[PDB]
Every structure is written in structure tokens, then in C-alpha cells.
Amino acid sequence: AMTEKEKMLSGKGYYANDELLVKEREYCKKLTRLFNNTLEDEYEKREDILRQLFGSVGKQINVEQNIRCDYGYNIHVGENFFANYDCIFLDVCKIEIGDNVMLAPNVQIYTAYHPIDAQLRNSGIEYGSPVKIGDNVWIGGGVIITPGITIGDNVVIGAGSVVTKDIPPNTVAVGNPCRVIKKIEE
């Protein structure tokens, strides 16, 4: 007998209005508010809040202001994580990110989605699928990543890409939808 949270985490249909999920989201927005309200020189305070917010963080992290998260604990980040202005991590499911990954401004990672069927959707049933980004990845400004996507090691995503399909390692990919355009040496 799974709870709503357990359904959510394992990619099954769940109701986000579940009391425990509502509370977790509220806590997330508290840490997120504190992070976003720090003054420019409060570097160590922001790092602390990240370590209380994210599921896991490396030795070095550098995240620019306004972040948006839903849960926090589903975001797992490797060494030397960098995210620029105003990224959003809609982390209904795991958002797993490797080492030496860097997000330009306005990168959006969406793990949540809904039934295409209107009636099923209106009943409030909802889903997630995790996102996985490998090591040594650079994601350009305004990139949107959809649920269930994995991006391989050693990838560069061009600005404004909408990633609807998995991206194999050692490539440069751009576009809406995002397509590989070039291979890179390992």
C-alpha cells in the first residue's frame, strides 16, 4: 500500500494534494525564499541553504539567484555544480546531475506531467519521470528539459533547445526539438 509520495517517486500516478506532499512543498518554498532573499554578499549562507535544500551536493556549488524547486530532496548534484540566473528544477521525481555540469540562465528541468486524457487529468491524477544529466555537460540559456530525459556525459546543449529525446554522450545538440548536430572527441 504505497503512500502518495511513494507513488510519486516511482513514476506512478499520485495526487499532489496529499497532505504530506503539500507540507514538503511548503518547506521547500521556505528554504527557497530564504535563498532568494539573501543579499549579494551572502555566499556562505546561500551555500548552506543549498545543502539543506538539495538531496545531495558536492564540495563546490555555485547557484545564482532565484531558484525554483518543488521538493529539493529530489535534486542530486555532483561536484562543481554551476547554475546561472533563474533556473527551475521541478523535482517531482529525481533530478540527478553529474560532476562539472553547468547551466546557463533560465534552464528549466520539468519532471512533472499529466494524462493526455482530460477526464483522467481533471480527476487530479498526476505523474513524474526522473531526469538524468551526466558528467561534464554544459547546458545553454533558456533550455527546457522534459520528464524522463537522460543526457549523456560530455554533452553541450545549445541555447533555447527543447529536449524531448535522450541525448547520447560526446555530442553537441541544439534545437526544438533538440537534435544532435556534431560529435565530439572523448
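Residue numbers run from 1 along the displayed sequence.
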If you rank every modelled residue in this chain by C-alpha B factor, which third holds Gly78: lowest, middle or highest?
middle
Of the three thirds of its chain by CA temperature factor, lowest, middle or highest, which one includes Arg68?
lowest
Quick check for you: using the entry's CA B-factors within this chain, is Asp99 in the lowest, middle or highest third?
middle
Mind checking which third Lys165 falls in for C-alpha B-factor across the chain?
highest
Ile116, C-alpha B-factor rank within chain (lowest, middle or highest third):
highest
